[PDB]
Amino acid sequence: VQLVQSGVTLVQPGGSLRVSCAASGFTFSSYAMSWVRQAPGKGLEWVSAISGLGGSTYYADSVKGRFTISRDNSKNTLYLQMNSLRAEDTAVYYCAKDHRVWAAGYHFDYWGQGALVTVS
Amino acid sequence: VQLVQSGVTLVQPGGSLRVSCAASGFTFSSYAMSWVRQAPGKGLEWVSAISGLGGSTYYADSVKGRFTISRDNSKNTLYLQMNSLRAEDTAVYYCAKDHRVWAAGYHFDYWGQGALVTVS
Amino acid sequence: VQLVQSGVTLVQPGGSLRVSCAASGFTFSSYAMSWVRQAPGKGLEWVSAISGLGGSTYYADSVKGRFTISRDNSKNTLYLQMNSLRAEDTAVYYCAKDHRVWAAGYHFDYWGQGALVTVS
Amino acid sequence: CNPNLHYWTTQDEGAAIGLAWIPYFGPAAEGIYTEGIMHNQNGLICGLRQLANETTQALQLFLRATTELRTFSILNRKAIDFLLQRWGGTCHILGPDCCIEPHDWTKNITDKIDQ
Amino acid sequence: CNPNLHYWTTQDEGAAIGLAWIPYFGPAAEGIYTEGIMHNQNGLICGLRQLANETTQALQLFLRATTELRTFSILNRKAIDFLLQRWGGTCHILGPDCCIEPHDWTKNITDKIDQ
Amino acid sequence: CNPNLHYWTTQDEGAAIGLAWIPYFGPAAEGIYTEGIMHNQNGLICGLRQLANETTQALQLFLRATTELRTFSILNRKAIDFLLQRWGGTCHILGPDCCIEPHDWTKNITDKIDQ
Amino acid sequence: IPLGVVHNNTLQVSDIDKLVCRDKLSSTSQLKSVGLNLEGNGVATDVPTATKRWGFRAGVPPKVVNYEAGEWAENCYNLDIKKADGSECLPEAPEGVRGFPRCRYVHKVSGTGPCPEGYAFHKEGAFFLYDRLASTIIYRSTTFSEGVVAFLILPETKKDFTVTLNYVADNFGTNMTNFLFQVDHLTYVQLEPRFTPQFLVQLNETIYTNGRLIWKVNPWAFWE
Amino acid sequence: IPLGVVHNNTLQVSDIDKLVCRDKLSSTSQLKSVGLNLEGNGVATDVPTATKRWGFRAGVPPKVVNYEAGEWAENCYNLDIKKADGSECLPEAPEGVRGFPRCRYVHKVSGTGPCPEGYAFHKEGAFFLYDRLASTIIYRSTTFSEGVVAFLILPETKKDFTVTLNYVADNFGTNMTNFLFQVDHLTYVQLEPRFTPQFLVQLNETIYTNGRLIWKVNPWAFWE
Amino acid sequence: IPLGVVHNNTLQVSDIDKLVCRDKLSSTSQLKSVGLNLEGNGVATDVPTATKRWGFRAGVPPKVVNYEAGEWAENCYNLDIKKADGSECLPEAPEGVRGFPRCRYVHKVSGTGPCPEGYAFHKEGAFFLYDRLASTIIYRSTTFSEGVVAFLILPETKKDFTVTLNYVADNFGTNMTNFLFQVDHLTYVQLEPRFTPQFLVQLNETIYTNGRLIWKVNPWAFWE
Amino acid sequence: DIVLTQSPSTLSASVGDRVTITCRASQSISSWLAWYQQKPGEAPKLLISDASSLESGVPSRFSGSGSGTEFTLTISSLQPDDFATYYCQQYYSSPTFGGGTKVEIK
Amino acid sequence: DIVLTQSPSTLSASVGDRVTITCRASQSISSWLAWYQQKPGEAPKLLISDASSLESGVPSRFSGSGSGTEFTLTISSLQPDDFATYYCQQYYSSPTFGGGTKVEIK
Amino acid sequence: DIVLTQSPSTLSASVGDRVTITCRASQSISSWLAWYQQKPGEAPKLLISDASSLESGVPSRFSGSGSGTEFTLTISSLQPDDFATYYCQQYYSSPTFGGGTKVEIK
Ligand SMILES: *[C@@H]1O[C@H](CO)[C@@H](O[C@@H]2O[C@H](CO)[C@@H](O[C@@H]3O[C@H](CO[C@H]4O[C@H](CO)[C@@H](O)[C@H](O)[C@@H]4O)[C@@H](O)[C@H](O[C@H]4O[C@H](CO)[C@@H](O)[C@H](O)[C@@H]4O)[C@@H]3O)[C@H](O)[C@H]2NC(C)=O)[C@H](O)[C@H]1NC(C)=O
Ligand SMILES: *[C@@H]1O[C@H](CO)[C@@H](O[C@@H]2O[C@H](CO)[C@@H](O[C@@H]3O[C@H](CO[C@H]4O[C@H](CO)[C@@H](O)[C@H](O)[C@@H]4O)[C@@H](O)[C@H](O[C@H]4O[C@H](CO)[C@@H](O)[C@H](O)[C@@H]4O)[C@@H]3O)[C@H](O)[C@H]2NC(C)=O)[C@H](O)[C@H]1NC(C)=O
Ligand SMILES: *[C@@H]1O[C@H](CO)[C@@H](O[C@@H]2O[C@H](CO)[C@@H](O[C@@H]3O[C@H](CO[C@H]4O[C@H](CO)[C@@H](O)[C@H](O)[C@@H]4O)[C@@H](O)[C@H](O[C@H]4O[C@H](CO)[C@@H](O)[C@H](O)[C@@H]4O)[C@@H]3O)[C@H](O)[C@H]2NC(C)=O)[C@H](O)[C@H]1NC(C)=O
Ligand SMILES: *[C@@H]1O[C@H](CO)[C@@H](O[C@@H]2O[C@H](CO)[C@@H](O)[C@H](O)[C@H]2NC(C)=O)[C@H](O)[C@H]1NC(C)=O
Ligand SMILES: *[C@@H]1O[C@H](CO)[C@@H](O[C@@H]2O[C@H](CO)[C@@H](O)[C@H](O)[C@H]2NC(C)=O)[C@H](O)[C@H]1NC(C)=O
Ligand SMILES: *[C@@H]1O[C@H](CO)[C@@H](O[C@@H]2O[C@H](CO)[C@@H](O)[C@H](O)[C@H]2NC(C)=O)[C@H](O)[C@H]1NC(C)=O
Ligand SMILES: *[C@@H]1O[C@H](CO)[C@@H](O)[C@H](O)[C@H]1NC(C)=O
Ligand SMILES: *[C@@H]1O[C@H](CO)[C@@H](O)[C@H](O)[C@H]1NC(C)=O
Ligand SMILES: *[C@@H]1O[C@H](CO)[C@@H](O)[C@H](O)[C@H]1NC(C)=O
Ligand SMILES: *[C@@H]1O[C@H](CO)[C@@H](O)[C@H](O)[C@H]1NC(C)=O
Ligand SMILES: *[C@@H]1O[C@H](CO)[C@@H](O)[C@H](O)[C@H]1NC(C)=O
Ligand SMILES: *[C@@H]1O[C@H](CO)[C@@H](O)[C@H](O)[C@H]1NC(C)=O
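Residues numbered from 1 in each chain as written, not as in the entry; some residues may be left out. Chains lettered and ligands numbered in written order. Heavy atoms only, no water.

- In the PDB archive, cryo-EM is given as the structure determination method for this entry, at a resolution of 4.29 Å.

- The PDB entry lists chain D under the name Bundibugyo virus GP2, with Bundibugyo ebolavirus given as the organism.
- Its PDB title, taken directly from the record, is "Bundibugyo virus GP (mucin-deleted) in complex with pan-ebolavirus human antibody ADI-15878 Fab".

- As recorded in the PDB entry, chain A goes by the name Antibody ADI-15878 Fab, heavy chain, listed as coming from Homo sapiens.

## Quick word on the overall build of chain D
Part 1: Across its full length, chain D carries three helices and three strands.
Part 2: In chain D, the succession of α and β elements from N to C terminus is β-β-α-β-α-α.
Part 3: In summary, chain D has a C-alpha radius of gyration of 23 Å against a globular reference of 13 Å for 115 residues, an excess of more than 25%.
Part 4: Among the 115 residues that make up chain D, the fraction classed as buried is 50%.
Part 5: Across chain D, every contact between residues at least 6 apart in sequence was considered, and the portion connecting residues at least 24 apart equals 60%.
Part 6: Carbon and sulfur atoms provide 57% of the accessible area of chain D, an area that totals close to 5300 Å². (Helix = DSSP H or I, 4+ residues; strand = E, 2+ residues; numbered from the N terminus. Rg over C-alpha atoms; globule rule 2.2 N^0.38 Å. Buried < 20%, exposed > 50% of the residue type's maximum accessible area, 1.4 Å probe, protein only. Contact = heavy atoms within 4.5 Å. Areas by Shrake-Rupley, 256 points an atom, 1.4 Å probe, with all protein chains shown as cover.)

## Description of empty space enclosed by the protein
Part 1: The space that makes up the largest cavity amounts to roughly 460 Å³.
Part 2: Along its surface, the largest cavity is lined by 26 residues, and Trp87 of chain D, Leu83 and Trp87 of chain E together with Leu83 and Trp87 of chain F are the ones closest to its centre.
Part 3: Across the lining of the largest cavity, the residue classes tally to 19 nonpolar, five polar and two charged. (1 Å grid on protein atoms, 1.4 Å probe; cavity = no way out; pocket = protein on both sides within 12 Å on 5 of 7 lines; lining within 4 Å. Points joined across faces, edges and corners; volume = space filled by probe spheres on them. Nonpolar A, V, L, I, M, F, W, Y, C, P; charged D, E, K, R; others polar.)

## Digging into the side chain of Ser135 of chain I
All names here are of chain I.
Part 1: Examined against the element boundaries, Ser135 turns out to sit in strand β11 (residues 133-135).
Part 2: A residue is classified by how much of its surface remains accessible, and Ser135, at 4% relative accessible area, is buried.
Part 3: Within the local environment of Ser135, its side chain forms a polar contact with the backbone oxygen of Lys63, the two atoms lying 2.2 Å apart.
Part 4: In this structure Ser135 touches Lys63, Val64, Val65, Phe127 and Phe128, once residues within four positions along its chain are discounted. (Polar contact = N/O pair within 3.5 Å; in protein donor to acceptor, adjacent residues only side chain to side chain.)

## Examining the packing of aromatic side chains
Part 1: This model, assessed by the stated rule, comprises 69 aromatic pairs over all chains.
Part 2: Judged by centre distance (6.2 Å) and plane angle (65 degrees), the ring pair of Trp8 of chain E and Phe100 of chain H falls under edge-to-face. Highlighted residues: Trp8 of chain E in strand β1 (residues 5-10) and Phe100 of chain H in the loop between β7 (77-83) and β8 (107-113), drawn from two different chains.
Part 3: A relative accessible area of 2% means that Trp8 of chain E is categorised as buried.
Part 4: Ring plane angle 70 degrees and centroid distance 5.4 Å describe the contact between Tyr167 of chain G and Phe181 of chain G, whose orientation is recorded as edge-to-face. Residue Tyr167 of chain G is located in the loop between β12 (145-153) and β13 (180-184), and its partner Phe181 of chain G is located in strand β13; the two are separated by 14 residues in the primary sequence.
Part 5: On the basis of relative accessibility, which here comes to 10%, the residue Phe181 of chain G falls in the buried class.
Part 6: Here the aromatic residues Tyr24 and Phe25 of chain D, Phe121 of chain H together with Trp32 and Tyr92 of chain J are joined through ring pairs into a cluster of three or more.
Part 7: Here the basic side chain of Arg102 of chain I rests over the ring of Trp72 of chain I, its NZ or CZ set 4.9 Å away from the ring centre. (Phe/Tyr/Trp six-rings, centres within 6.5 Å; stacked < 30°, edge-to-face > 60°. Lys NZ or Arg CZ within 6 Å of the ring centre and 35° of its normal.)

## A word on the side chain of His107 of chain H
Part 1: Examined against the element boundaries, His107 of chain H turns out to sit in strand β8.
Part 2: Non-local contacts of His107 of chain H, meaning those with residues more than four positions away in its chain, are made with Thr45, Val47, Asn75, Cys76, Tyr77, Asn78, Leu165, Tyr167 and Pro197 of chain H.

## Notes on the interface of chain G and chain D
Part 1: Each side of the interface is counted separately: chain G has 48 residues, and chain D has 46 residues.
Part 2: When the two sides are added together, the surface that chain G and chain D hide from each other amounts to roughly 4400 Å², 63% of it contributed by carbon and sulfur.
Part 3: Inspection of the region where chain G meets chain D yields two salt bridges.
Part 4: Ionic pairing is found between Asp23 of chain G and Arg86 of chain D, a salt bridge with its closest N-O pair at 3.4 Å.
Part 5: Scanning the region where chain G abuts chain D turns up 18 residue pairs in polar contact.
Part 6: A breakdown of the residues in the side of chain G that touches chain D according to their chemical character gives 28 nonpolar, seven polar and 13 charged.
Part 7: Bridging between strand β1 (residues 5-10) of chain D and strand β6 (residues 69-71) of chain G involves two bridges; their strand directions are antiparallel. Bridging from a neighbouring strand, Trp8 of chain D pairs with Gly70 of chain G of β6 of chain G. (Buried area = accessible area lost by both parts, 1.4 Å probe. Salt bridge = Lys/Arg side-chain N within 4 Å of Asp/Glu carboxyl O. Pairing = 2+ DSSP bridges.)

## Structural notes on the state of the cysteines
Part 1: Applying the stated rule across the entire model yields 21 disulfides over all chains.
Part 2: Paired through a disulfide, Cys21 of chain B and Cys95 of chain B show a sulfur-sulfur distance of 2.0 Å. Its torsion about the S-S bond being 50 degrees, the disulfide of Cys21 of chain B and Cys95 of chain B is classed as right-handed. Residue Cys21 of chain B is found in strand β1 (residues 17-21), and its partner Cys95 of chain B is found in strand β7 (residues 92-96); the two are separated by 74 residues along the sequence. Just as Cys21 of chain B is buried, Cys95 of chain B falls in that class too.
Part 3: One disulfide bridge connects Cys99 of chain D with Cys21 of chain G, the sulfur atoms lying 2.0 Å from each other. (Disulfide = S-S within 2.5 Å.)

## Structural notes on the pairing of strand β3 (residues 31-37) of chain G
Residue and element names in this part refer to chain G.
Part 1: With seven of its seven residues buried, β3 lies for the most part within the structure.
Part 2: Judged by which residues are buried, β3 turns out to be covered on both faces: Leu31, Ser33, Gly35 and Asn37 on one side and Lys32, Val34 and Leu36 on the other are all buried.
Part 3: Pairing of β3 with β12, which is carried by seven bridges, proceeds in the antiparallel orientation. Its bridge partner lying in β12, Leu36 is registered against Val148.
Part 4: Relative to β6, β3 runs parallel, the two being bridged by two bridges. By the bridge assignment for β6, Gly35 is matched with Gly70.

## Notes on the interface of chain A and chain I
Part 1: On the chain I side, the residues contacting the six residues of chain A number four residues.
Part 2: At the boundary of chain A with chain I, total buried surface from both sides reaches about 400 Å², with 63% on carbon and sulfur atoms.
Part 3: Area buried by chain A at its contact with chain I is led by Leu53, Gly55 and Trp102 of chain A, which between them contribute 65% of it.
Part 4: Taken together, the connections running from chain A to chain I amount to zero salt bridges.
Part 5: The tally of links between chain A and chain I comes to zero residue pairs in polar contact.
Part 6: Considered class by class, the residues forming the side of chain A that touches chain I number two nonpolar, four polar and no charged.

Structure, rendered in C-alpha cells:
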C-alpha cells in the first residue's frame, strides 16, 4: 500500500516536467488516482484525476490544457506531464487514491510524500 | 448609394464572363443583391441573388448550374461568373438591392445601369 | 431453362476453387440462385443464396466466411469462389433457382447436375 | 411490370422559393410537393421494383431489433456504413482497399528527378 | 443593433464536476446551466444577428419537408454534408478539391534521391 | 466479482433467416433473441464491470443537457467524434496525427529511380 | 440493406463488402427514400383482394418508417370499422400521420365483423403508406396505399428526378364476405371482383339518373 | 442551411459548394446551436406588439427544434386563454417542454377573444423559444420568448464561449384590443404602448402604497 | 464517454484525445451497447435492499436510453403501488417499453406507503433496464433489473459475442418496513433478508403440502 | 411556375386623367405584390411594397390595392413623366414578372 | 437450429397401394413446408409448396397436408417411378432438411 | 465555484477538553463532506466520509455531523497528536477545499 513521490525539482518558469508516482500492495487498476496541491503558506486544492483504466480524466480549471494526466496500470504507475510553469505552480504535489472501489470516487484514503515543485 | 455597371460585352456563343457590380454610400454587407434580366423587345425576369454575407445563394431555373453568383463584402463588390452562352442570354443584366434589411428580402429599391450582354 | 454444372474436381485439403453454374431460357436476373449440398451416404442441407441482382447474399453457418457467392446477370451466370477445404466439404454441390419471382423466395423449382467436389 | 413511371417527390429542393417559406403563408398540406414522369430506359424501373420486393425482407429484419416506432436514422447509418467500408481507421493506398488516386503523383516526382 | 452579448449556455462541458452528476442529487431545473458575456469585437455579433435573420428562411424550408416534430439530427446531417463535400468517395490530391497537404513529402523524397 | 459471463444479445445478425422475417409470422416477443456464454479470459469482464461503474457518471452528465427522452443517436455521435479526432478537416501525413501508412510508397519510388 | 445507384441511366446495386472507388456521393440531397405502389406490377387492386391481402395478430409492437418520395396512386384505401357489438376494430391514427395525399381513386370502406385482436398487417409483409410515412399497421379514418420502399443515390445531373367511394364490410373474409358499394342508405350494389372504379362510376351516374336498394349486372394493367 | 465559424474573433460564413482546407473540426463540442433574442435588435418588445406579432391558421402540423445555448432575456411571455364561451384557445404544452428558464421580466397574460382556429404563429416567421427547445407554436401556461437560431463551430481556444406581471386580453387585436395590467381584482390600468416594465413596477408600488379600479397617467434600447 | 475495444481477448479503453492508427472499425455491426446486471458483482439482491437502493424526488424530467444486448437475470423486480388513500405512487409505463424478457426469478411486489412525490430513482445512480431500453425511472406493472451500460467495438473474428413471487410493501422504508411474501390471502411470511428465492420456493411448497396466516423460521455469490 | 397577368398591355390617355390597372396571376398571394416603372432605356424604380405601401419619392397620385390573386393600381392624376412603362412584380414564391403596361396619347 | 423429423426413414410397399408420410420438427411453422424427390444419383424436383399446393408436372396421386409442427404427405396410388427417395424441406427460418424417406418391396 | 468556510481558523485548548468545529459553504450538499488532518509537513489522512462515517484507524474521540450547507465536527477528548491541522473537504461538485483549522495551547 506504499506510495512513491519521485521527481521534486526547481525548474525555471515556462519549464515542463513529468512526475511519476508509483504504488504497491493493492489493486491499482481497481482504484482512482489524483494530483493535489499544497501551496506553502496556505491550504489545499484539487487539481486532476483519472478513471480506473485511463479512459476518463479530470482537471481543475486553473491549469486546464496545461497539464496532461497519465497512468500505467501495467506498471501500476501514475504520471503527469506538465507544460509551462508559473509562480502558483510553486507548491507540493501529492499522489493519492480514493476510498471507493473501481476508481469511481473521491475523499482520498491516503497520501504519499509530496514534491515541492518550484520555479525561479 | 451609387451603383456601377462595369463589363458589357459581345462574346461569341459558348463563351463565359465575370461581371462585377460595385456599390457605395450604404451598408452593403447589410443588404442583399441580385441580377435581373431585360431581354430587349420584351419584359423582365428574376435570375439570382445572395444572402447578406455570401452563405446562401439563389438562382432561376433557366440558367441553374451555368452561372456562379459571387460577392466581396470587403470591397462591397458584387460579382457573377457566367458559363456557356446562348441566344436568350442576349439581354441587359442589372445589379440591384432589396428594400428589406439584413439581405432577407425582395422587391428591389433601386437599380444600376444595365449591361446589354450579347452573343454572335 | 437449362442448367450447367461445370467444375467438379478433387482438390487437396486447404484448397480453393471457383465453381460457375450457367443458365438459359429464362429471366435469370429475375430469379434467385443458391448452392446446395448432398454429402454422399446421407442427406441434404442448404448453404447459400443471393438476391436477384447481387445486392443481398446469404450463407449457412458451417461455411460462413469461407465461401464467397458470386453472380453475373450480364452473362446470367452463377459463381462461387471457395476458400480452405475440409472433409465435410467432400460432397455434391448443385445450382438451383426458386419458385418465386424476383428472387424473393425459396422452395426450389429445379436442379442442375451436381458436382461431387472432394478432397484427399 | 409497368415501364411507365408517373412519379412524384416533395418540393424540398434548393432554389425554388421567394419568401413563400413562411409557415402559414404557405400550404403545408398539398402545395409542398413535386411531380414528375419518366419511361423505362433500360428496364430500369422494373429492375428496382424487383429490387424493392427483395429489399423488404432484410428491411424488416434490420428493423425488428429495436423498439423505436418512427425510424429516421437508417439512411445516415447506411452512409456511415459506406464510409466505414471505405474508412475503417487505417488505409493502404496500394492495397486496393482504400480507393485513392495517387498515381499521377509520379508526374511531379519525375519532374523533380529530371531537375 | 446591440453590440453587447450578455449570453448563456448549458453546463455540459467536461471537467466541471465531482459527483454532482447523480440525478436527484442534482438540480435538473435551474442549476444545470452556464452564463457568460462578451462585447462586439469587429461587429461580429451584429453580423451573426443579420446571419440568423437570413437563416430563418432556408431553415423553415429545409424543415418543412418532414413530418417529424422534435428535430435533433440536423446538426449531424450538416456535418456529414461538410464531409461529403470534402469526401465524396474519390479524391484528387492534386486536383484542388480534396484538401490534403502532401507537399512536404518531397522533402523525404529529395532526401532519398541524394542517397 | 463474477468471472462468468452467461450473457445474451438480440438476433439481429445477418444470415440467420429464411423468410421468418415476416412480421406476424414471427414472434416479436421472445423469439427474436440470442444467448451466449463466455469465461473471464484475462480478467476482462471484471475489467469492464469496473469500466461501466466508471462510465455512469460521464454518461448521466453527457445525457443531462438535453430534454429528449429516448436517446438513440449517442453511438453514431461517438463514432463521428472518433472520426473528427481522426479527421478534423486537414491532415499531416508526416505529422503523426493523421494515421496513414504511406511508407511503402517509397518502394515504387525507388523502383522508378532505378529505371 | 442494399443500395442502388443511378449511373448513365443504368442501375447498380452495391453489394456491401464490395468496393467501388468509382462511386461518388456529394450530399444527402443525392439520397432519397422512395415509396412504391403495387399498381405498376399488375397485381389485383380491388376491394375484395384488399381484404384478402391482410390479417391480424397481437403481441407485436407497431413499427413505422419515413420516406421522401413515391409514385402517384390510381387507387387508395381507408377504413372506419368496429365489431359486432359496435366496438372499435383498429388503433387510432396518431398525430403527424395523415392520409396519402394523392389518390385518383379512394376505396373508402366501413362496416364491422369479428375483428380478432391484433393489427391489420399484410400477408406478404408489405407496408402501409401515409403522408411521408409508412408502416405495417392500419389506423382508422386514414388514406393510404400498399407499397414498399427504395433507397437511392442520385448524381448531380440535370434531371431533378378526385374521387371518393363507400362500402360496407361483412365479417372480414372468414372464408366469407359480401361487399356492397353504397349510393345512399336505400341503395347498394352486390360488388363484384373484376369491375373497375370507372365501371362503377358509370353505374353510380346511370342510377343517379334513374331515380336513385340492391342490384346486380346480370352479365389487365391500365397503362395501355 | 449555411454555417458560420469563429476564427481570430472574425466570423466566416462557409458557402456550401465552396471548399476550405484551412478549416478544422475536432468534435461536436466545437459545435453549438444557439437561440437568439429579438431584444438586441431594438424592436418593440411590449405586450401590444406581442399580440400584433402573431396570427392564427390551421392545416399546419406542429414543428419543433432543439437548441443548446442562447441569450439572457429582458422580457418574456406566457398565456392562459379561452374563447368567449370559456373554451380553450391553444394546444397543451406536452411533456419535456418547459418555460424559458431566464426572464428578468415576464409579460404573463390571460383573457379571451374569438381565437379563430389554428395556432399562434409569428408574422415574420420567427420561433417560440422554450427550455432548450424552440418551435413555431405557443402552448398554454408556459414561458418563452421570440427568437431565431444559429449554428456554429468554435475553435479549441481558451474562452469557453425575478419578476411576474399579469394582464387580460380583449378580443385579440381584431383591429381592436384594450389591454389591462392587473394589481388585484378591484384594480387595473389602461395599458399604454411606450411604457416600460420598470415604469409599471413603480406604478404598482406607488398605488400599493396608496390603498390598493382603473386609472391612467394623464400625460430606445436599454443597453445605455 | 469512453470507449473500450476488444483486441486479442484483452480490452483497451481508448482515451479520447489519444490517437491509435492501429484501430479498425468496419461497421456498426461491430458496435454494441450492452446492459449489465448488478449480480455478477456480488451485491445484495434481496427485496429489502431493493427498497433501500431507491428514493424519490421531483423537478426532474424522465430520461431514457436504448441498449442492444445484456446479461441473463437471476432476479428481477416489478411493482404495483398506491398511497395510503389508494392513489397511485408511480408513472404509467408508456408504449414500447416492456418487461425485461429474461428473469429466472421475479420479485413482484404490491402494497402502499406514503410515496412522497417524485420518481423511483437509484441511490448510486444506476439504471432501470427494460426490454431493449433502460432509464432512471420505474413504471408500474413492469419487469426490469438494476444495471449499467457499456459501449464497445468488436472485431470481425469468428465468435459472434420461470418464476413469479408476490409481496406487499409497508410504508416504504421510512427507517421502517415490514415485508411479507404471499402464498394466499390467508397466508403470509415475515420476510427475512438473507433468505434466498430457492429457500422460499421450498417454503411455499412445504406449506402448500401442509394445508395452505403468518409464520417465521425460528432459526455469497451463486456461481459456485 | 406562377405567371402574372398585366391587364391591359398599354393605355392611351391625356394628362390629369384618372387611370387604373389590374394585375392577376394563377395562384393566391397574400398582398405580397410590388409595382415598378421605367422608361424606354432607363433603370427602373420601386413604387409600392405589398401593393399598399408606397415609398419615399413616390407621388401620392398613385394608389395600389388588391388581395389574393387579383391586384390593382390606380393613378389619381396623370403627368408626362407618368406616361412610362409600369410593371407587376410577384415576389411570393417565384419572384417573377409578366409583360408590363404602357401609356399613350392619340 | 430447427431440425426436421422424417417418419419413417424407408418403406416397403407394392404398386397401387396408398401410402402416407409424416414429417415433424422442433418449432411451429405456418404451412411453409415443401416436399421433394430424387433417385439414386439424380437431380431432385419440386413437388409441393406450403405442403398443400402441388406443381405442374406433379401427378395428382400425391396429397400433402399439415400445420404448425406436424406435417404430412399421402400417395393415393403407387408407381415404380414413385419408389424413389422423398424429402421434407423447411424453408421457414433455417431453410434446412432432415434425413429423408425411401420406398421398397420385398 | 463553491467555497467552503472553516470556522474558526485556529483554536487554543488543553488536553482532555471537548472541542467543536463548524464548516460551511455557499450551496447545499447532501452530507457529502469529508474531513482530513495533517501536521506541519506531513502527508494527511482521511478521517470521515459523508461527515458521519469514521474510518479504520480513527479514534472514536471524534464526531462529525451536519447537513445541507452547515457541517460540523466534535472531539470528545483531546490529545497532543490531535493538536494538528484539520481540514474541510467538499467533494460534491467542485471537490475543493477552504482554509483549514488549527489547535494551540497558551
Ligand atoms: C460503483 O462502486 C461504488 C463504490 O465504488 C458503489 O457505491 C458505493 O458502494 C458502497 C458499498 O457497495 C455503499 O456503501 C453502503 O452505503 C449505504 C448508504 O448509506 C447512506 O445512508 C446513511 C444513512 O443516512 C449515511 O450515513 C451514508 O453516508 C449514506 O448516505 C450504507 O448505509 C451501507 O452501510 C451498511 O452496509 C455495509 C455493507 O455491508 C455495512 O458494512 C455497514 O455496516 C452498514 O450496515 C454501505 O456502507 C455506498 O453507499 C455506495 N455509494 C455510492 C455513492 O456509490 C456503487 O454501488 C457501484 N455502482 C453501482 C451501479 O452499483
Ligand atoms: C428580419 O428583417 C426583416 C426585414 O428585413 C424584418 O421584417 C420586417 O420588418 C419591418 C420592420 O421591423 C416590418 O415593418 C412593419 O410591418 C408591419 C406589418 O404590416 C402588415 O399589415 C399591414 C396591414 O394589413 C399591411 O399593410 C402590411 O403590408 C403588412 O402586411 C407594419 O404594419 C409596420 O408599420 C408600422 O410600423 C412602422 C415601424 O415603426 C411605422 O413606421 C409605420 O408607420 C407603421 O406604424 C411596419 O412597417 C415588416 O412588416 C417586417 N416584415 C417581414 C416579412 O419581415 C424581420 O422582423 C426580421 N426578422 C425577425 C425574426 O424579426
Ligand atoms: C414479391 O414477390 C412475391 C413472389 O415472388 C409475391 O408473393 C407471392 O405472390 C404470389 C402471386 O402474387 C402469391 O400467390 C397467391 O397466394 C395466395 C395466398 O394463399 C394462401 O392461403 C392459402 C389458403 O390458406 C394457402 O393454401 C396458400 O399456401 C397461402 O398460404 C393464394 O391463395 C393465391 O392463389 C389464388 O390466386 C392465384 C393467382 O391468380 C390463382 O392462380 C390461384 O388459382 C388462386 O385462385 C395466389 O397463389 C403468393 O401467396 C405470394 N406469397 C408471398 C409469401 O409473397 C409478393 O406479393 C411480392 N411482394 C409484394 C410486396 O407484393
Ligand atoms: C355518385 O355520383 C353523383 C353525381 O353523379 C354524386 O353526387 C354529386 O356529387 C357532386 C360532387 O361534387 C356534388 O357536387 C353534388 O351535389 C352531388 N349530387 C347531389 C344531388 O348532391 C355522388 O356523390 C356520387 N356518389 C355516391 C352517390 O355515392
Ligand atoms: C406589486 O407589488 C407588490 C409589492 O410592492 C407585490 O406584493 C408583494 O409581493 C411580494 C413578492 O415576494 C410578496 O412577498 C408580498 O407578500 C406581496 N405583498 C402582499 C401584501 O402580499 C405584488 O405581488 C405586485 N404585483 C401585483 C400587485 O400585481
Ligand atoms: C407456490 O407453489 C405452488 C405449487 O407448489 C404454486 O401453485 C401451482 O402453480 C402451478 C404453476 O404452473 C399451477 O399449474 C398450479 O395450478 C398451482 N396450484 C394450484 C393448486 O392451482 C403456487 O402458484 C406458488 N406460489 C404461491 C402459492 O404464491
Ligand atoms: C506500385 O508498383 C507496381 C509495380 O511495381 C504497380 O503495379 C502498382 O500499381 C503500383 N501502385 C499503385 C498504387 O499504382
Ligand atoms: C505538381 O507540380 C506542379 C508544377 O509542376 C505544381 O504547381 C503543383 O502544385 C504540384 N502539385 C501539388 C499538389 O502541389
Ligand atoms: C520522413 O523522413 C524522416 C527521416 O528523414 C523519417 O524519420 C520519417 O519517418 C519520414 N516520414 C514518414 C511519414 O515516415
Ligand atoms: C376456412 O376454411 C378453411 C378450410 O378451407 C378452414 O381451415 C378454416 O377454419 C375456415 N375458416 C374459419 C373461420 O372457419
Ligand atoms: C380590420 O381593418 C381592415 C381594413 O383596415 C379590414 O380589411 C379588416 O377586415 C378589419 N378586421 C376585421 C376583423 O374586420
Ligand atoms: C430516520 O432516522 C434518521 C436518523 O437516524 C432521521 O434523521 C430521519 O428523519 C428518520 N426518518 C423519518 C422519516 O423520520
